[PDB]
Amino acid sequence: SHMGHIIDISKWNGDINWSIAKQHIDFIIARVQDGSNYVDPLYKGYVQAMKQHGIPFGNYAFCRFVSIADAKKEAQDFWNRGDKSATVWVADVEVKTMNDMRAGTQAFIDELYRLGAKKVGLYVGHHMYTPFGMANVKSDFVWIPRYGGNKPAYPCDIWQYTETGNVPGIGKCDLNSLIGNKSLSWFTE
């Protein structure tokens, strides 16, 4: 009986035994950068391995833009550094880097669309949604965390339900479930 998982990873996950993890993976979303100034050092290796193992994946970037113009720049860096085989591109918003985070996030997302991204999503960490009115961001899907057994306080398509999951070949990791109107096939293509 298949028991697949939607896992987000970054260099913090270290080296992964992809041959063993394969059967437990439905989809992966990997970190490309932490703002414009930090390139994730394991991302490229992860992508090479996932392609070799036939594992579908998406890209995410932690956002650190300080203005509208800077947001467009971060998006450009994200696009250029990310592998184009990704099925989705995600703006990962967890800290206030500018007063109008909703405007910066939309600029970031719109620039990705302008560059060629066809499926763009948004991840919003705790204490960022309401203060900045993130419900007003326009994207293809929303991804929100809540590790207490109850679903996120806002509608979303991907629910990050734990940051202490464990998957063979990967170890400790963030696990996600689909609770919106986007099916697994929409992400894996």
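For the residues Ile20, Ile55, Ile29, the requirement of being out of contact with any helix residue (DSSP H, G or I) (no Cβ under 6 Å at 6 or more places or on another chain), buried (at least 23 other Cβ atoms within 10 Å of the Cβ) and either under 22 Å from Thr105 (Cα atoms) or not charged (D, E, K, R) (or both) singles out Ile29. Among the residues of the range 1-43, those identified as assigned to a strand (DSSP E or B), over 14 Å from the mean Cα position of the chain (by Cα) and hydrophobic (A, V, I, L, M, F, W, C) are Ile25, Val39.
Scanning the range 134-149 finds no residues that are within 17 Å of the chain's Cα centre (by Cα), in a strand (DSSP E or B) and among the charged types (D, E, K, R).
Taking the numbered list (1) touching a residue at least 12 places away in the same chain (Cβ under 8 Å); (2) over 17 Å from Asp26 (Cβ atoms); (3) hydroxyl-bearing (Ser, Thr, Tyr); (4) not in a loop (DSSP other than H, G, I, E, B) in turn, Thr130 passes all entries but (1).
Please go through the range 48-77 and give me each residue that is within 24 Å of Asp26 (Cβ to Cβ) and not in a loop (DSSP other than H, G, I, E, B), ordered by number.
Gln48, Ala49, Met50, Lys51, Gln52, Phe57, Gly58, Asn59, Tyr60, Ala61, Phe62
Quick grid of which residues meet (1) farther than 17 Å from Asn59 by Cα; (2) touching a residue at least 24 places away in the same chain (Cβ under 8 Å); (3) surrounded by 13 or more Cβ atoms within 10 Å (Cβ to Cβ); (4) not aliphatic (A, V, I, L, M):
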| position | (1), (2), (3), (4) |
| --- | --- |
| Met101 | yes, yes, yes, no |
| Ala107 | yes, yes, yes, no |
| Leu112 | no, yes, yes, no |
| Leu115 | no, yes, yes, no |
| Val124 | no, yes, yes, no |
| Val142 | no, yes, yes, no |
| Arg146 | yes, no, yes, yes |
| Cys156 | yes, yes, yes, yes |
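Taking the criterion of being touching an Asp or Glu at 6+ places or on another chain (Cβ under 6 Å) and not hydroxyl-bearing (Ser, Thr, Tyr), the residues of the range 64-93 that qualify are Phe65, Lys72, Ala75.
Note: ideal-geometry Cβ built from the backbone for every residue, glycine included; neighbour counts use all protein chains shown. All of the numbers you see were taken from the coordinates with simple rules; none came from a lab.
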